[PDB]
file data10.tsv (TSV, C-alpha atoms)
chain	number	residue	atom	x	y	z
C	1	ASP	CA	64.09	80.24	68.14
C	2	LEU	CA	63.12	81.99	64.91
C	3	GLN	CA	66.53	83.20	63.70
C	4	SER	CA	67.82	79.62	63.36
C	5	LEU	CA	64.81	78.11	61.57
C	6	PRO	CA	65.18	77.05	57.93
C	7	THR	CA	63.87	79.67	55.48
C	8	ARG	CA	60.71	77.76	54.61
C	9	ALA	CA	59.70	77.10	58.21
C	10	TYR	CA	60.62	80.68	59.12
C	11	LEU	CA	58.38	82.16	56.42
C	12	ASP	CA	55.59	79.64	57.00
C	13	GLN	CA	55.35	80.72	60.63
C	14	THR	CA	55.71	84.48	60.27
C	15	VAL	CA	54.14	85.83	57.05
C	16	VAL	CA	52.75	83.08	54.81
C	17	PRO	CA	49.37	82.77	56.55
C	18	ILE	CA	48.51	86.50	56.47
C	19	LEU	CA	49.94	86.76	52.95
C	20	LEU	CA	47.76	83.95	51.59
C	21	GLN	CA	44.74	85.55	53.25
C	22	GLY	CA	45.75	88.89	51.70
C	23	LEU	CA	46.31	87.47	48.21
C	24	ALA	CA	42.85	85.88	48.33
C	25	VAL	CA	41.24	89.23	49.11
C	26	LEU	CA	43.36	91.00	46.49
C	27	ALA	CA	42.34	88.55	43.75
C	28	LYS	CA	38.67	88.88	44.69
C	29	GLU	CA	38.64	92.65	44.83
C	30	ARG	CA	41.23	93.52	42.15
C	31	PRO	CA	41.86	97.10	43.39
C	32	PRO	CA	43.62	99.73	41.20
C	33	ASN	CA	46.83	99.74	43.29
C	34	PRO	CA	47.41	96.08	44.16
C	35	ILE	CA	50.86	96.41	45.75
C	36	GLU	CA	49.67	99.27	47.98
C	37	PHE	CA	46.52	97.34	48.77
C	38	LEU	CA	48.52	94.30	49.85
C	39	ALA	CA	50.84	96.39	52.06
C	40	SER	CA	47.84	98.01	53.75
C	41	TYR	CA	46.19	94.61	54.11
C	42	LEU	CA	49.24	93.33	55.97
C	43	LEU	CA	49.31	96.26	58.42
C	44	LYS	CA	45.54	96.24	58.92
C	45	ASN	CA	45.45	92.55	59.77
C	46	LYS	CA	48.83	91.94	61.40
C	47	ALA	CA	47.35	91.95	64.92
C	48	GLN	CA	45.37	88.80	63.98
C	49	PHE	CA	48.59	86.85	63.41
C	50	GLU	CA	50.93	88.37	65.99
C	51	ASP	CA	50.79	90.14	69.37
C	52	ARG	CA	53.81	92.43	68.73
X	1	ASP	CA	41.99	93.79	31.01
X	2	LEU	CA	43.55	92.97	34.39
X	3	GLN	CA	40.17	92.33	36.02
X	4	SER	CA	39.40	89.67	33.40
X	5	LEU	CA	42.55	87.65	34.06
X	6	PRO	CA	42.40	84.34	35.95
X	7	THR	CA	43.58	84.61	39.58
X	8	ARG	CA	47.00	83.09	38.95
X	9	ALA	CA	47.82	85.35	36.00
X	10	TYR	CA	46.50	88.41	37.83
X	11	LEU	CA	48.64	87.81	40.91
X	12	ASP	CA	51.70	86.75	38.86
X	13	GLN	CA	51.59	90.04	37.01
X	14	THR	CA	50.83	92.41	39.88
X	15	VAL	CA	52.39	91.32	43.18
X	16	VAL	CA	54.19	87.97	42.91
X	17	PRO	CA	57.48	89.42	41.64
X	18	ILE	CA	57.86	92.10	44.32
X	19	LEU	CA	56.64	89.62	46.96
X	20	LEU	CA	59.24	86.97	46.12
X	21	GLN	CA	61.94	89.62	46.19
X	22	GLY	CA	60.63	90.79	49.59
X	23	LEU	CA	60.41	87.29	51.05
X	24	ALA	CA	64.03	86.65	50.08
X	25	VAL	CA	65.16	89.79	51.84
X	26	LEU	CA	62.98	88.94	54.86
X	27	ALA	CA	64.40	85.43	55.08
X	28	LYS	CA	67.96	86.76	55.04
X	29	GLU	CA	67.53	89.61	57.50
X	30	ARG	CA	64.99	87.99	59.88
X	31	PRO	CA	63.88	91.32	61.41
X	32	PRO	CA	61.93	91.54	64.71
X	33	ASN	CA	58.61	92.58	63.08
X	34	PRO	CA	58.46	90.49	59.91
X	35	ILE	CA	54.91	91.38	58.83
X	36	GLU	CA	55.65	95.09	59.28
X	37	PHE	CA	58.96	94.63	57.48
X	38	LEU	CA	57.27	93.05	54.47
X	39	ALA	CA	54.61	95.76	54.26
X	40	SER	CA	57.36	98.40	54.34
X	41	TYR	CA	59.34	96.45	51.79
X	42	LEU	CA	56.40	96.50	49.36
X	43	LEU	CA	55.90	100.27	49.69
X	44	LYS	CA	59.61	101.06	49.47
X	45	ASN	CA	60.05	99.03	46.30
X	46	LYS	CA	56.68	99.34	44.53
X	47	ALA	CA	58.09	101.96	42.15
X	48	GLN	CA	60.39	99.31	40.64
X	49	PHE	CA	57.44	97.17	39.59
X	50	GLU	CA	54.79	99.76	38.70
X	51	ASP	CA	54.58	103.45	37.73
X	52	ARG	CA	52.13	104.66	40.42
S	1	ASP	CA	57.37	106.77	30.63
S	2	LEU	CA	58.96	103.32	30.30
S	3	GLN	CA	61.67	104.54	27.92
S	4	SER	CA	63.45	106.65	30.53
S	5	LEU	CA	63.25	104.30	33.52
S	6	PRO	CA	66.47	102.93	35.03
S	7	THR	CA	67.44	99.45	33.81
S	8	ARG	CA	66.12	97.49	36.78
S	9	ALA	CA	62.72	99.22	36.88
S	10	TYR	CA	62.45	98.95	33.08
S	11	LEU	CA	63.04	95.20	33.17
S	12	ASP	CA	60.85	94.69	36.26
S	13	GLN	CA	57.97	96.41	34.48
S	14	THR	CA	58.30	94.64	31.13
S	15	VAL	CA	59.68	91.10	31.18
S	16	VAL	CA	60.46	90.08	34.75
S	17	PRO	CA	56.97	88.90	35.72
S	18	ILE	CA	56.48	86.57	32.74
S	19	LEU	CA	60.14	85.49	32.95
S	20	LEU	CA	59.74	84.35	36.58
S	21	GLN	CA	56.80	82.16	35.62
S	22	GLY	CA	58.57	80.89	32.48
S	23	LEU	CA	61.72	79.94	34.39
S	24	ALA	CA	59.65	78.17	37.06
S	25	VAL	CA	57.81	76.13	34.44
S	26	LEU	CA	61.05	75.35	32.60
S	27	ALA	CA	62.71	74.19	35.84
S	28	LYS	CA	59.74	71.93	36.60
S	29	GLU	CA	59.34	70.35	33.18
S	30	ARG	CA	62.97	70.16	32.03
S	31	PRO	CA	62.05	69.84	28.32
S	32	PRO	CA	64.61	68.68	25.68
S	33	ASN	CA	65.05	72.14	24.08
S	34	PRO	CA	64.97	74.64	26.97
S	35	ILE	CA	65.77	77.80	25.02
S	36	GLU	CA	63.08	77.00	22.46
S	37	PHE	CA	60.70	76.11	25.29
S	38	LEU	CA	61.30	79.37	27.12
S	39	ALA	CA	60.83	81.53	24.04
S	40	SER	CA	57.66	79.62	23.21
S	41	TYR	CA	56.46	80.19	26.75
S	42	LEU	CA	56.95	83.96	26.35
S	43	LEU	CA	55.02	84.11	23.09
S	44	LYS	CA	52.24	81.84	24.31
S	45	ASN	CA	51.65	83.74	27.55
S	46	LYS	CA	52.49	87.27	26.40
S	47	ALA	CA	48.81	88.32	26.20
S	48	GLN	CA	48.46	87.64	29.94
S	49	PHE	CA	51.34	89.93	30.90
S	50	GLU	CA	51.30	92.99	28.66
I	1	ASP	CA	72.81	64.64	33.24
I	2	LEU	CA	70.82	67.88	33.19
I	3	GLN	CA	67.54	66.37	34.43
I	4	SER	CA	69.00	65.53	37.85
I	5	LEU	CA	70.67	68.90	38.45
I	6	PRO	CA	69.31	71.19	41.16
I	7	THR	CA	67.20	74.11	39.85
I	8	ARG	CA	69.91	76.78	39.90
I	9	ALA	CA	72.51	74.62	38.11
I	10	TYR	CA	69.92	73.47	35.58
I	11	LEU	CA	68.94	77.05	34.70
I	12	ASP	CA	72.56	78.26	34.76
I	13	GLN	CA	73.51	75.54	32.26
I	14	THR	CA	70.57	76.01	29.90
I	15	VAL	CA	69.09	79.50	29.60
I	16	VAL	CA	70.96	81.91	31.89
I	17	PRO	CA	73.79	82.73	29.48
I	18	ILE	CA	71.55	83.65	26.56
I	19	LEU	CA	69.10	85.40	28.92
I	20	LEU	CA	71.84	87.66	30.33
I	21	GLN	CA	72.71	88.78	26.82
I	22	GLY	CA	69.05	89.10	25.76
I	23	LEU	CA	68.17	91.20	28.80
I	24	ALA	CA	71.19	93.45	28.20
I	25	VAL	CA	70.14	94.06	24.62
I	26	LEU	CA	66.52	94.61	25.66
I	27	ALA	CA	67.60	97.19	28.26
I	28	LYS	CA	69.73	99.06	25.74
I	29	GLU	CA	67.26	99.10	22.89
I	30	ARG	CA	63.95	99.45	24.78
I	31	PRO	CA	61.86	98.18	21.85
I	32	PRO	CA	58.05	98.74	21.61
I	33	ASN	CA	57.12	95.08	22.35
I	34	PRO	CA	59.69	93.90	24.90
I	35	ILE	CA	58.32	90.38	25.51
I	36	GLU	CA	58.14	89.66	21.78
I	37	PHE	CA	61.61	91.13	21.33
I	38	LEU	CA	63.05	88.94	24.06
I	39	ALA	CA	61.49	85.75	22.68
I	40	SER	CA	62.75	86.62	19.19
I	41	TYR	CA	66.19	87.28	20.64
I	42	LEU	CA	66.24	83.78	22.17
I	43	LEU	CA	65.17	82.09	18.93
I	44	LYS	CA	67.55	84.15	16.82
I	45	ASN	CA	70.60	83.52	18.99
I	46	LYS	CA	69.99	80.04	20.35
I	47	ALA	CA	72.31	78.35	17.83
I	48	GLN	CA	75.23	80.16	19.44
I	49	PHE	CA	74.28	79.06	22.95
I	50	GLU	CA	73.44	75.41	22.38
B	1	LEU	CA	56.22	78.68	44.79
B	2	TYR	CA	59.79	77.68	45.61
B	3	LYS	CA	61.65	77.44	42.30
B	4	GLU	CA	59.98	80.80	41.77
B	5	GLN	CA	62.16	81.95	44.68
B	6	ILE	CA	65.17	80.61	42.76
B	7	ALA	CA	64.01	82.13	39.47
B	8	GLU	CA	63.70	85.20	41.65
B	9	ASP	CA	67.32	84.94	42.78
B	10	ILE	CA	68.42	84.38	39.16
B	11	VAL	CA	66.62	87.33	37.60
B	12	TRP	CA	67.78	89.60	40.39
B	13	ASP	CA	71.44	88.53	39.96
B	14	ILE	CA	71.28	89.18	36.21
B	15	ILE	CA	69.83	92.66	36.62
B	16	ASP	CA	72.22	93.64	39.39
B	17	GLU	CA	74.99	92.33	37.15
B	18	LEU	CA	73.75	94.60	34.36
B	19	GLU	CA	73.90	97.46	36.87
B	20	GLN	CA	77.68	97.10	36.60
B	21	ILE	CA	77.87	95.74	33.02
call {"tool": "encode", "arguments": {"input": "data10.tsv", "output": "C-alpha cells"}}
result
Amino acid sequence: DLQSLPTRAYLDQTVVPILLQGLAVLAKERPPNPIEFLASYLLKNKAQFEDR
Amino acid sequence: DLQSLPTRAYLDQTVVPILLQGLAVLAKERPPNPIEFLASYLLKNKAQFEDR
Amino acid sequence: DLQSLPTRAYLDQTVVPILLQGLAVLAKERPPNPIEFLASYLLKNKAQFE
Amino acid sequence: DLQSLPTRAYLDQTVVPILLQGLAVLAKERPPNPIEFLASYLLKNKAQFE
Amino acid sequence: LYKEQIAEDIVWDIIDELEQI
C-alpha cells in the first residue's frame, strides 16, 4: 500500500524514474523554458510508467 | 550562458529547487495520480522560480 | 522586474538555488567554520547561478 | 558535538540564525548583486552569531 | 539529493516565516 510507504520508497516507486529520465533529456536539450519542458515531459511520458 | 553550464549546475539553477519543493508536497499529500500532480505542481508554481 | 516581486519569489529567483546547494555541501562536509564556509561557497559558485 | 547531529539540528545550530536575518535584510533592500550581498552579510555579521 | 530535501525544508520555513515577519 502506497500511502503507508516511507517517503523515499514512495517517491522512488512513483516519480523518481520518470523524473530522472526527464532531467536527462532536459540537460541534453537545454530548452528555453526548462520548468515547462519538464512538466510537459512528465505528462507526455507518464503512460510509460503508470497505467492510470 | 546557461547552455554552457555543466549538467549539475544547469539543473541546480533551473529545476532542482522547484522540484524538491514539489516532491516534499507530493510526499506529504500522496495524491492518486502522483506524476500528474507533480507536473501540475511545476506549472502552478513556476512563476515563483522564474519570470516567464 | 525583480525589484517589485513578492518576498518569496524574489528570494527564489536570486539566492535560493545556490543556497540549497551550499547548505547541502555544508551539511555533508561539516567544516570547522560553517558561516565562513557558506559565505565562501556563495562567492566561489556565484558565477554559476547569476 | 556538532559533527554527530542530524542535518536539521546541525544547520539550525550553525547557519540558520544568521541566514534568517541575512535573508530578511536582502528581501528589504533588494540590492543589485544579491548573492554577493548575502555572502558579505554573513562575513560582516558572523562575529555576532558565533 | 536528500539533505537537499532538508535544505529545502529549511529555506522554505525561513521564507514563510518572513511572510509573517
call {"tool": "interface_residues", "arguments": {"input": "data10.tsv", "of": "chain S", "to": "chain B", "cutoff": "12 Å", "atoms": "all atoms listed in the file", "output": "PyMOL selection string"}}
result
chain S and resi 6-12+15-29
call {"tool": "interface_residues", "arguments": {"input": "data10.tsv", "of": "chain C", "to": "chain B", "cutoff": "12 Å", "atoms": "all atoms listed in the file", "output": "ChimeraX atom specification"}}
result
/C:7-8,11,16
call {"tool": "axis_aligned_box", "arguments": {"input": "data10.tsv", "around": "region 18-32 of chain C", "padding_each_side": "3 Å", "output": "JSON"}}
result
{"center_x": 44.3, "center_y": 91.8, "center_z": 48.8, "size_x": 17.3, "size_y": 21.8, "size_z": 21.3}
call {"tool": "closest_residue", "arguments": {"input": "data10.tsv", "among": "C:51, C:37, C:9, C:46", "to": "chain X", "atoms": "all atoms listed in the file"}}
result
C:46
call {"tool": "closest_atom_pairs", "arguments": {"input": "data10.tsv", "of": "chain I", "to": "chain S", "cutoff": "7 Å", "atoms": "only C-alpha atoms", "output": "Markdown table"}}
result
| residue | atom | partner | partner_atom | distance |
| --- | --- | --- | --- | --- |
| I:3 | CA | S:30 | CA | 6.4 |
| I:7 | CA | S:27 | CA | 6.0 |
| I:11 | CA | S:27 | CA | 6.9 |
| I:14 | CA | S:34 | CA | 6.5 |
| I:15 | CA | S:35 | CA | 5.9 |
| I:27 | CA | S:7 | CA | 6.0 |
| I:30 | CA | S:3 | CA | 6.4 |
| I:34 | CA | S:14 | CA | 6.4 |
| I:35 | CA | S:15 | CA | 5.9 |
| I:36 | CA | S:43 | CA | 6.5 |
| I:39 | CA | S:39 | CA | 4.5 |
| I:42 | CA | S:39 | CA | 6.2 |
| I:43 | CA | S:36 | CA | 6.5 |
| I:46 | CA | S:35 | CA | 6.7 |
call {"tool": "interface_residues", "arguments": {"input": "data10.tsv", "of": "chain X", "to": "chain S", "cutoff": "10 Å", "atoms": "only C-alpha atoms", "output": "ChimeraX atom specification"}}
result
/X:1-2,4-6,9-18,20,45-51
call {"tool": "interface_residues", "arguments": {"input": "data10.tsv", "of": "chain X", "to": "chain C", "cutoff": "8 Å", "atoms": "all atoms listed in the file", "output": "PyMOL selection string"}}
result
chain X and resi 3+7+10-11+14-15+23+27+30+33-36+38-40+42-43+46+52
call {"tool": "calpha_fit_and_write", "arguments": {"input": "data10.tsv", "fixed": "chain I", "moving": "chain S", "output": "PDB file with C-alpha atoms, in the coordinates of the input"}}
result
ATOM      1  CA  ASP S   1      72.899  64.568  33.419  1.00  0.00           C
ATOM      2  CA  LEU S   2      71.011  67.865  33.098  1.00  0.00           C
ATOM      3  CA  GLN S   3      67.681  66.326  34.119  1.00  0.00           C
ATOM      4  CA  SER S   4      68.731  65.665  37.709  1.00  0.00           C
ATOM      5  CA  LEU S   5      70.627  68.885  38.441  1.00  0.00           C
ATOM      6  CA  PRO S   6      69.327  71.238  41.143  1.00  0.00           C
ATOM      7  CA  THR S   7      67.206  74.129  39.844  1.00  0.00           C
ATOM      8  CA  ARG S   8      69.905  76.797  39.899  1.00  0.00           C
ATOM      9  CA  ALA S   9      72.549  74.681  38.140  1.00  0.00           C
ATOM     10  CA  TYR S  10      69.940  73.475  35.627  1.00  0.00           C
ATOM     11  CA  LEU S  11      68.974  77.033  34.718  1.00  0.00           C
ATOM     12  CA  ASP S  12      72.588  78.274  34.751  1.00  0.00           C
ATOM     13  CA  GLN S  13      73.524  75.559  32.267  1.00  0.00           C
ATOM     14  CA  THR S  14      70.583  75.990  29.894  1.00  0.00           C
ATOM     15  CA  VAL S  15      69.095  79.475  29.611  1.00  0.00           C
ATOM     16  CA  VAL S  16      70.978  81.860  31.882  1.00  0.00           C
ATOM     17  CA  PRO S  17      73.819  82.710  29.490  1.00  0.00           C
ATOM     18  CA  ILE S  18      71.600  83.652  26.533  1.00  0.00           C
ATOM     19  CA  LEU S  19      69.115  85.333  28.901  1.00  0.00           C
ATOM     20  CA  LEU S  20      71.813  87.651  30.310  1.00  0.00           C
ATOM     21  CA  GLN S  21      72.720  88.801  26.814  1.00  0.00           C
ATOM     22  CA  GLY S  22      69.050  89.096  25.790  1.00  0.00           C
ATOM     23  CA  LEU S  23      68.157  91.202  28.830  1.00  0.00           C
ATOM     24  CA  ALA S  24      71.174  93.459  28.238  1.00  0.00           C
ATOM     25  CA  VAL S  25      70.169  94.042  24.624  1.00  0.00           C
ATOM     26  CA  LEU S  26      66.536  94.619  25.603  1.00  0.00           C
ATOM     27  CA  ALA S  27      67.567  97.158  28.265  1.00  0.00           C
ATOM     28  CA  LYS S  28      69.725  99.004  25.726  1.00  0.00           C
ATOM     29  CA  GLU S  29      67.255  99.113  22.855  1.00  0.00           C
ATOM     30  CA  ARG S  30      63.958  99.472  24.737  1.00  0.00           C
ATOM     31  CA  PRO S  31      61.840  98.235  21.787  1.00  0.00           C
ATOM     32  CA  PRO S  32      58.021  98.748  21.667  1.00  0.00           C
ATOM     33  CA  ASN S  33      57.156  95.069  22.331  1.00  0.00           C
ATOM     34  CA  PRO S  34      59.720  93.842  24.885  1.00  0.00           C
ATOM     35  CA  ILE S  35      58.310  90.368  25.494  1.00  0.00           C
ATOM     36  CA  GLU S  36      58.129  89.698  21.759  1.00  0.00           C
ATOM     37  CA  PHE S  37      61.618  91.158  21.363  1.00  0.00           C
ATOM     38  CA  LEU S  38      63.090  88.959  24.071  1.00  0.00           C
ATOM     39  CA  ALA S  39      61.546  85.766  22.732  1.00  0.00           C
ATOM     40  CA  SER S  40      62.748  86.669  19.250  1.00  0.00           C
ATOM     41  CA  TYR S  41      66.206  87.258  20.661  1.00  0.00           C
ATOM     42  CA  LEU S  42      66.227  83.748  22.176  1.00  0.00           C
ATOM     43  CA  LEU S  43      65.191  82.079  18.934  1.00  0.00           C
ATOM     44  CA  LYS S  44      67.552  84.136  16.797  1.00  0.00           C
ATOM     45  CA  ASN S  45      70.610  83.501  18.966  1.00  0.00           C
ATOM     46  CA  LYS S  46      69.814  79.992  20.207  1.00  0.00           C
ATOM     47  CA  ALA S  47      72.314  78.339  17.820  1.00  0.00           C
ATOM     48  CA  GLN S  48      75.135  80.286  19.499  1.00  0.00           C
ATOM     49  CA  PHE S  49      74.286  79.035  22.988  1.00  0.00           C
ATOM     50  CA  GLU S  50      73.212  75.404  22.783  1.00  0.00           C
TER      51      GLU S  50
END
call {"tool": "build_atoms", "arguments": {"input": "data10.tsv", "residues": "region 10-28 of chain X", "atoms": "N, CA and C atoms", "output": "PDB file, in the frame of the given file"}}
result
ATOM      1  N   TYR X  10      46.656  87.098  37.208  1.00  0.00           N
ATOM      2  CA  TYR X  10      46.500  88.410  37.830  1.00  0.00           C
ATOM      3  C   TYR X  10      47.571  88.630  38.885  1.00  0.00           C
ATOM      4  N   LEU X  11      47.688  87.678  39.799  1.00  0.00           N
ATOM      5  CA  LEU X  11      48.640  87.810  40.910  1.00  0.00           C
ATOM      6  C   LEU X  11      50.084  87.773  40.394  1.00  0.00           C
ATOM      7  N   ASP X  12      50.341  86.915  39.404  1.00  0.00           N
ATOM      8  CA  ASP X  12      51.700  86.750  38.860  1.00  0.00           C
ATOM      9  C   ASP X  12      52.187  88.037  38.238  1.00  0.00           C
ATOM     10  N   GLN X  13      51.244  88.818  37.726  1.00  0.00           N
ATOM     11  CA  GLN X  13      51.590  90.040  37.010  1.00  0.00           C
ATOM     12  C   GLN X  13      51.689  91.233  37.950  1.00  0.00           C
ATOM     13  N   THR X  14      50.919  91.215  39.036  1.00  0.00           N
ATOM     14  CA  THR X  14      50.830  92.410  39.880  1.00  0.00           C
ATOM     15  C   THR X  14      51.717  92.403  41.130  1.00  0.00           C
ATOM     16  N   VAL X  15      51.739  91.295  41.867  1.00  0.00           N
ATOM     17  CA  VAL X  15      52.390  91.320  43.180  1.00  0.00           C
ATOM     18  C   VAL X  15      53.374  90.171  43.426  1.00  0.00           C
ATOM     19  N   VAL X  16      53.274  89.089  42.664  1.00  0.00           N
ATOM     20  CA  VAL X  16      54.190  87.970  42.910  1.00  0.00           C
ATOM     21  C   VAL X  16      55.677  88.335  42.774  1.00  0.00           C
ATOM     22  N   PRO X  17      56.053  89.096  41.725  1.00  0.00           N
ATOM     23  CA  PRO X  17      57.480  89.420  41.640  1.00  0.00           C
ATOM     24  C   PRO X  17      58.019  90.226  42.822  1.00  0.00           C
ATOM     25  N   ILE X  18      57.334  91.283  43.237  1.00  0.00           N
ATOM     26  CA  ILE X  18      57.860  92.100  44.320  1.00  0.00           C
ATOM     27  C   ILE X  18      57.790  91.300  45.628  1.00  0.00           C
ATOM     28  N   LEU X  19      56.767  90.457  45.763  1.00  0.00           N
ATOM     29  CA  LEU X  19      56.640  89.620  46.960  1.00  0.00           C
ATOM     30  C   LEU X  19      57.786  88.637  47.117  1.00  0.00           C
ATOM     31  N   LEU X  20      58.141  87.946  46.038  1.00  0.00           N
ATOM     32  CA  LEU X  20      59.240  86.970  46.120  1.00  0.00           C
ATOM     33  C   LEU X  20      60.555  87.654  46.483  1.00  0.00           C
ATOM     34  N   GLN X  21      60.781  88.806  45.873  1.00  0.00           N
ATOM     35  CA  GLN X  21      61.940  89.620  46.190  1.00  0.00           C
ATOM     36  C   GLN X  21      61.923  89.992  47.687  1.00  0.00           C
ATOM     37  N   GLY X  22      60.764  90.431  48.178  1.00  0.00           N
ATOM     38  CA  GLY X  22      60.630  90.790  49.590  1.00  0.00           C
ATOM     39  C   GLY X  22      60.792  89.634  50.565  1.00  0.00           C
ATOM     40  N   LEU X  23      60.275  88.468  50.201  1.00  0.00           N
ATOM     41  CA  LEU X  23      60.410  87.290  51.050  1.00  0.00           C
ATOM     42  C   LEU X  23      61.858  86.851  51.162  1.00  0.00           C
ATOM     43  N   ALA X  24      62.615  87.018  50.081  1.00  0.00           N
ATOM     44  CA  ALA X  24      64.030  86.650  50.080  1.00  0.00           C
ATOM     45  C   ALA X  24      64.787  87.552  51.015  1.00  0.00           C
ATOM     46  N   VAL X  25      64.489  88.844  50.955  1.00  0.00           N
ATOM     47  CA  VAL X  25      65.160  89.790  51.840  1.00  0.00           C
ATOM     48  C   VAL X  25      64.764  89.499  53.286  1.00  0.00           C
ATOM     49  N   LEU X  26      63.474  89.253  53.512  1.00  0.00           N
ATOM     50  CA  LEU X  26      62.980  88.940  54.860  1.00  0.00           C
ATOM     51  C   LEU X  26      63.694  87.725  55.437  1.00  0.00           C
ATOM     52  N   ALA X  27      63.789  86.677  54.630  1.00  0.00           N
ATOM     53  CA  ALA X  27      64.400  85.430  55.080  1.00  0.00           C
ATOM     54  C   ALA X  27      65.875  85.629  55.438  1.00  0.00           C
ATOM     55  N   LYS X  28      66.549  86.552  54.757  1.00  0.00           N
ATOM     56  CA  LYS X  28      67.960  86.760  55.040  1.00  0.00           C
ATOM     57  C   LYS X  28      68.155  87.621  56.280  1.00  0.00           C
TER      58      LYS X  28
END
